[PDB]
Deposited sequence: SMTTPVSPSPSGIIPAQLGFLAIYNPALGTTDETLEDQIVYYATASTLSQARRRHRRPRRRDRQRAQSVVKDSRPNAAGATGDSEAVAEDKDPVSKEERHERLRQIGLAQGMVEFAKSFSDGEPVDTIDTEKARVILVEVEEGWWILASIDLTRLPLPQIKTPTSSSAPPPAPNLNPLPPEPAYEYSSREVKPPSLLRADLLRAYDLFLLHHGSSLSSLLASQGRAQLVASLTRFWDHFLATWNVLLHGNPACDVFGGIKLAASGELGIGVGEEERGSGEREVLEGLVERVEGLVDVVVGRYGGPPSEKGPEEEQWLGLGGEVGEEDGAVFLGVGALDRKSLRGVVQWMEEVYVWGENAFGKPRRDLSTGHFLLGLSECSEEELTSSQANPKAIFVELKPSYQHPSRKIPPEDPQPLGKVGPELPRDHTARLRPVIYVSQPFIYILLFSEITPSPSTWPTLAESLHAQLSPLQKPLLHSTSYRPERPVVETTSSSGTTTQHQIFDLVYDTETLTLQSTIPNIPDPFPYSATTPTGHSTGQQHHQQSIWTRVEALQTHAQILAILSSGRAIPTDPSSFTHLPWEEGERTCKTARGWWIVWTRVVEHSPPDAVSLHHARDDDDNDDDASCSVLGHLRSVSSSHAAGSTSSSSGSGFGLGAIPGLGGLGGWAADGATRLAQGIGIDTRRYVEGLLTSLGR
């Protein structure tokens, strides 16, 4: 009867917000505990606040204390007996303090962190959540504060982070190796072929999606990726594919990024929001509801907008998103805020359905393209372009070539030795195992992460 390693508390606090004694209470712009998060999970006092202020105050105390020792670097992680606390500076003056309780094994409890995400991975997940929050709200937390006001910022942070922490699993799950670099997770095919003669790699689909941004006004970027498989010609054709709250597969990822006009950091956030839509359809942020007329269109243009950064060779833009949904593909089309007026949306959607329906079968064939003692699982992460292409299988749910325990073990080794070599934001850190797993990590701007099996 062990207790799962649920997170203890998570706090978003700006120290500069509260300077005087009576204004200390407004330092915590957000606070959440498991007791607080129980209601959010099931949907998806003075002494307590006294504990919260002491926690954030001693977090500030550690960063002030270690500022002199580290010569300008705050306390990244805190390792305790029953809480793997981390404190990440998401931006200048803004901090996320998240304490993750370890597995309590039986009230004398024995504490362990066999399957708890390593603090580098927890920091990566919190940074991903912060980037999603910035994607849906403003350009930065400081700008969001100085524009909206503290009450509005508190409300928006409360909603978004309650939803995220309700949906957040702090144990090892999915494919953390894709998640430890963050980055744009590409599909098995990776990307559509751009040049001529690569029609099997998706040259025609690439050309059509490239010319689409000029054919229709307001549209600046098209982001599409394969998530799942083609429709099953059976009774339940719906299959509830867009929800299921599951995990992205190793072959699931972006298949065509934008032409440009959008910074790669924002492209990472857009792809991550697209992954959230695939995992949490009808439940992700923004409440994406399928159009009753045609089920293809999700989160229609007829308001809701997301905040991105554009390429300098083309700046915050606040583009309006629309999510065209095919069964295996999730087209995210980012329109300008003012030019495609919603009054023409019912017609334009038809035009979209005119220009994206013939890109179902051919692009399905194109994405099927696939680019060594027993098995080789390599992870190529281009640092400059943030693209991540991983053949490493994800951790199975509670047939797959892996089992759960072997997946946990080898996968925990992978990002642990990545953290040892400072891979996270020649170096051939080859590592062998007793089970026959042969990791070869090399630094090329590629973070190559080959991993032979048996």
Compared with the full deposited sequence, the modelled chain skips 1 to 11, 56 to 94, 157 to 181, 378 to 390, 403 to 427, 485 to 498, 526 to 544, 572 to 583, 603 to 631, 642 to 697
